[PDB]
Each structure stands twice: as C-alpha cells, then as structure tokens.
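Participant: After the structure tokens below, expect a handful of questions from me.
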Ligand SMILES: O=C(O)CNC(=O)C(=O)O
Ligand SMILES: [Mg+2]
Ligand code: NI
Ligand SMILES: [Zn+2]
C-alpha cells in the first residue's frame with residue numbers, strides 16, 4: 011500500500027505532466043497521496059496563472075464576514091457577522107492596518123503558536139466565497155475555471171444527465187482568518203490555488219480516520235452534536251493541533267505559499283488559517299473514485315448548512331433515501 015502513514019505529499023510536475031489534469035490526479039493517487047487527505051502541487055517553473063495581480067483592486071467583496079469566536083483557545087466555534095461591502099483595495103488596506111496586520115514573528119512555527127494562543131481574542135474579516143476567477147483565459151493548464159464539471163463526471167460514470175453548474179470561488183484573507191474543520195459538500199475533492207500574498211496553513215485528517223475526528227467533535231461540542239448529526243457541515247468548529255494530539259487524532263499540517271496548489275481528497279477533513287493578506291481561488295471537482303464517497307456522504311438536514319443549487323441533483327441521484335429529509339432542511 012503506498013503512503014501507509016498518510017503523510018502529506020508534495021508534487022513537482024513537469025510542464026508536460028501539467029497538461030492533463032485528470033491524469034495527474036490519478037498519478038498522485040497511484041503514489042498514495044489521497045491517504046493524507048491533502049497534497050501540495052508546485053507548478054512547473056514555466057507556468058503562470060496570469061501575467062500580473064496589479065489590476066485586482068476593484069473587485070468587490072459584497073459581504074465581508076467578521077469571524078467572531080466563542081469558547082477556549084484550542085476549542086472554539088466561530089460565527090460570521092456580515093459587514094458592509096468593500097473593494098479588494100479597501101480590504102487590503104484594512105488587512106494591513108495596525109488592528110489586523112500580522113504581528114512580528116520568527117518563522118511559520120512561531121506564527122502558528124501565536125495563532126492558536128490568540129485567535130479567539132480577535133475577530134478578523136474574511137472575503138470568502140466570491141464567485142469568480144483570476145486565471146487568465148489563455149492559461150490552459152490547471153485553470154480552475156476550465157475544469158471538467160462534476161455534473162459531467164456524474165453523467166459519464168453513471169449515465170444520468172443532471173442540471174447544475176460548477177464555478178470557482180475567490181477568497182480574500184487576512185491574519186487569523188480561519189477555515190473551520192470540514193469535508194467538502196458531498197465529500198468532493200477541492201483544489202485551491204494561492205494567487206498572491208501571505209501563506210495559508212492547513213491541518214488535515216486522513217480520510218480513513220475521519221470518523222475519529224467526528225467522535226472527538228461530538229465530545230467537544232456536545233450541544234451542537236445534539237442539534238445535528240452532521241454538524242461539522244455547518245463549518246463553524248475549530249480544534250487545535252494540541253487538542254488533537256492530546257486526544258490521539260491522526261493529522262498532518264502544511265503551509266501553502268503563493269503560487270502553489272493544494273488538493274483535498276474525498277472525506278479529508280481540513281481546517282486552517284491565513285498568515286496575512288492573501289487571495290486564493292478554489293473549486294470542487296470529482297473523479298471516478300469520488301462516486302463511492304458521494305454515495306456515503308453525511309448530510310446536514312437541520313437547516314443550518316444551506317448549500318448551492320447544484321447539490322440537489324447529487325443527493326437526488328446518489329442518495330435517494332436521504333433526499334426528502336435533506337431537501338426539507340434546504341427549505
Ligand atoms: O481557503 C479557505 O478559506 C478554505 N478552502 C478550502 O476549504 C478548500 O479549498 O477546500
Ligand atoms: Mg479590479
Ligand atoms: Ni475545503
Ligand atoms: Zn445541521
């Protein structure tokens with residue numbers, strides 16, 4: 011079995027290997043990359059996402075989200091308070107202000123220590139989930155707006171044509187902006203490209219151990235767990251590496267830098283934080299190997315998770331027994 015300790019693998023494809031996206035994902039899996047739940051892909055030196063980032067300041071963040079924490083430093087939830095619209099240039103200035111800027115630090119590990127010590131005492135503002143793309147249309151390789159769609163994959167595998175679309179999303183971050191522990195909708199893959207700015211640190215639980223994280227989460231967030239049998243779908247719970255280690259949960263960590271891709275694999279729980287002002291692009295995708303994960307994915311039906319239009323067909327076709335309850339939660 012390849013990668014039996016479920017380590018995060020880092021790949022350096024050549025320009026030739028960067029042509030065929032699907033083929034390269036399957037190659038990474040042949041080497042056991044998916045066992046970790048997360049892989050890093052460093053693009054060939056010949057590649058670029060676009061020419062420059064000099065002209066992005068006028069993008070609008072219609073609904074910036076202030077991420078307010080509750081709990082203890084290593085075990086907390088966050089809720090998202092909506093703020094007034096602002097442009098990316100305005101958000102960048104805000105991120106760099108004395109109130110929000112990255113503190114002085116020695117290295118990534120010192121900054122990680124400071125994150126976990128101090129995160130709850132601040133409320134950073136995240137420009138998340140903005141439909142759009144920063145890839146140039148002429149970028150042919152690993153262009154996250156030109157991937158094969160999940161609806162086409164389901165149709166190719168299973169023969170059923172379905173409605174829905176699959177487009178990328180932009181994320182503008184600042185110091186301490188946080189992504190809570192989650193797997194993707196329908197336990198899909200994700201791919202995330204860090205276009206510019208400061209790093210993003212990731213934590214990940216191997217897919218084969220995801221239920222260990224779920225059991226811990228039920229223990230640590232006992233009211234939330236009574237509320238919903240899949241409350242991690244709400245994307246609000248944080249557990250620190252120290253708490254995971256105290257509780258014996260297998261996990262790994264890695265820091266993504268600008269110019270790098272990360273892929274999350276089906277049922278790979280992940281969480282993390284941004285080091286300072288940055289911009290990422292991410293999208294979900296599927297492969298043949300996903301179908302079995304999609305059929306088994308948990309679902310939130312309590313009403314909290316509320317998701318895209320295109321999840322309807324995935325539930326309807328892959329999980330017809332669950333569909334009526336889930337759809338009630340959507341309405
Ligand atoms: O970058 C973020 O805030 C969160 N991203 C992801 O969870 C992802 O790409 O799957
Ligand atoms: Mg602009
Ligand atoms: Ni994710
Ligand atoms: Zn729920």
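Residue numbers (UniProt numbering): 11 to 341. Cβ coordinates follow ideal geometry from the N, Cα and C atoms, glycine included.
(1) Tell me which residue opens and which closes the beta strand (DSSP E) that residue 48 is part of.
(2) Rounded to whole angstroms, what's the CA-CA distance from residue 211 to residue 281? Just pull it up for me.
(3) In the DSSP assignment, what residue or residues form a beta bridge with residue 207?
(4) Verify whether the separation of the beta carbon atoms of residue 167 and residue 301 is less than 8 Å.
(5) At a cut-off of 7 Å, is residue 244 close to ligand 3 when judged by its beta-carbon and the heavy atoms of the ligand?
(6) DSSP on residue 142, reduced to helix/strand/coil?
(7) Say the cut is 7 Å; is the CB of residue 271 nearer than that to a heavy atom of ligand 1?
(8) Using the rule of at least 16 other Cβ atoms within 10 Å of the residue's Cβ for burial, across every protein chain shown, is residue 157 buried or exposed?
(9) Between residue 339 and residue 164, what straight-line distance do the alpha-carbon atoms span, to the nearest angstrom?
(10) Mind checking who residue 271 pairs with in its DSSP beta bridge?
(11) Ends of the beta strand (DSSP E) at residue 188?
(12) Please report the residue range of the beta strand (DSSP E) in which residue 249 lies.
(13) Please classify residue 86 as buried or exposed, where buried requires at least 16 other C-beta atoms within 10 Å of its C-beta.
(14) Can you tell me whether DSSP reads residue 75 as helix, strand or coil?
(15) Using a 10 Å radius around the Cβ and a threshold of 16 neighbouring Cβ atoms, would you call residue 59 buried or exposed?
(16) Could you pull out every residue in the same chain whose Cβ sits closer than 6 Å to the Cβ of residue 99, ignoring the five residues on either side in sequence?
(17) Would the C-beta of residue 280 count as close to ligand 1, meaning under 7 Å from any of its heavy atoms?
(18) Closest to residue 91 by CA distance: which of 75, 109, 130, 276 is it?
(19) Confirm, please, whether the CB-CB distance from residue 154 to residue 178 is below 8 Å.
(20) Need the endpoints of the alpha helix (DSSP H) that residue 9 sits in, please.
(21) Confirm the yes/no value for this check: CB of residue 200, any heavy atom of ligand 3, distance under 7 Å.
(22) Look up residue 12 in the DSSP assignment and say whether it is helix, strand or coil.
(23) By how many angstroms is the C-alpha of residue 109 removed from the C-alpha of residue 24?
(24) Taking 8 Å as the cut-off, decide whether the C-beta atoms of residue 289 and residue 180 are in contact.
Facilitator: In short, the structure shows the following:
(1) On the chain shown, residue 48 is found 38 positions in, with the first residue counted as 1. Counting along the chain, the unbroken beta strand (DSSP E) around residue 48 starts and ends at 48-51.
(2) Taking the chain shown and counting its residues from 1, one reaches residue 211 at position 201. Taking the chain shown and counting its residues from 1, one reaches residue 281 at position 271. Using only the alpha carbons, I get a separation of about 8 Å.
(3) Within the chain shown, the letter at position 197 stands for residue 207. Per DSSP, 288.
(4) Residue numbering aside, residue 167 sits at position 157 when the chain shown is read from its first letter. Residue numbering aside, residue 301 sits at position 291 when the chain shown is read from its first letter. Going by C-beta atoms, residue 167 is nearer than 8 Å to residue 301.
(5) Counted from its first residue, the chain shown places residue 244 at position 234. The answer is no for residue 244.
(6) As a first step, residue 142 is located in the chain shown; it is residue number 132 there, counting from the start. When DSSP states are grouped into helix, strand and coil, residue 142 belongs to the coil group.
(7) Locating residue 271 in the chain shown gives position 261, where the first residue counts as 1. No - ligand 1 has no heavy atom lying nearer than 7 Å to the Cβ of residue 271.
(8) For the purposes of this step, residue 157 is identified with residue 147 of the chain shown, where counting begins at 1. By the 16-neighbour rule on beta-carbons within 10 angstroms, residue 157 is buried.
(9) In the chain shown, residue 339 corresponds to position 329, counting from 1. In the chain shown, residue 164 corresponds to position 154, counting from 1. Straight-line Cα distance between these residues: approximately 24 Å.
(10) Walking along the chain shown from the start, residue 271 turns up at place 261. Residue 271 pairs with 51, 203.
(11) Residue 188 sits at position 178 when you count from the first residue of the chain shown. Run containing residue 188: 188-192, per the beta strand (DSSP E) assignment.
(12) Against the chain shown, residue 249 aligns to sequence position 239. For residue 249, the enclosing beta strand (DSSP E) has its first and last residue at 247-249.
(13) The residue given as residue 86 occupies position 76 in the chain shown. Residue 86 comes out buried.
(14) Sequence index remark: in the chain shown, residue 75 carries index 65 (1-based). Correct three-state label for residue 75: strand.
(15) Here residue 59 is taken as the residue at index 49 of the chain shown, counted from 1. By the neighbour-count rule (16 or more Cβ atoms within 10 Å), residue 59 is buried.
(16) Position 89 of the chain shown, counting from 1, holds the residue named residue 99. If we look at residue 99 and ignore the five residues flanking it on each side, its Cβ neighbours are 67.
(17) Locating residue 280 in the chain shown gives position 270, counting from the first residue. Yes, the Cβ of residue 280 comes within 7 Å of a heavy atom of ligand 1.
(18) Position 81 of the chain shown holds residue 91. That would be 75, whose Cα lies nearest to the Cα of residue 91.
(19) Working through the chain shown from its first residue, we reach residue 178 at position 168. Working through the chain shown from its first residue, we reach residue 154 at position 144. In this structure, residue 154 lies closer than 8 Å to residue 178 by Cβ.
(20) Residue 9 lies beyond the stretch modelled for the chain, which goes from 11 to 341, so this question has no answer here.
(21) Numbered from 1 along the chain shown, position 190 holds the residue referred to as residue 200. At least one heavy atom of ligand 3 falls within 7 Å of the beta-carbon of residue 200.
(22) Numbered from its first residue, the chain shown carries residue 12 at position 2. Coil at residue 12, not helix or strand.
(23) Position 14 of the chain shown holds residue 24. Position 99 of the chain shown holds residue 109. Approximately 42 Å, taken between the alpha carbons.
(24) Within the chain shown, numbered from 1, the residue matching residue 289 stands at position 279. Within the chain shown, numbered from 1, the residue matching residue 180 stands at position 170. In this structure, residue 289 sits near residue 180, with a CB-CB distance shorter than 8 Å.
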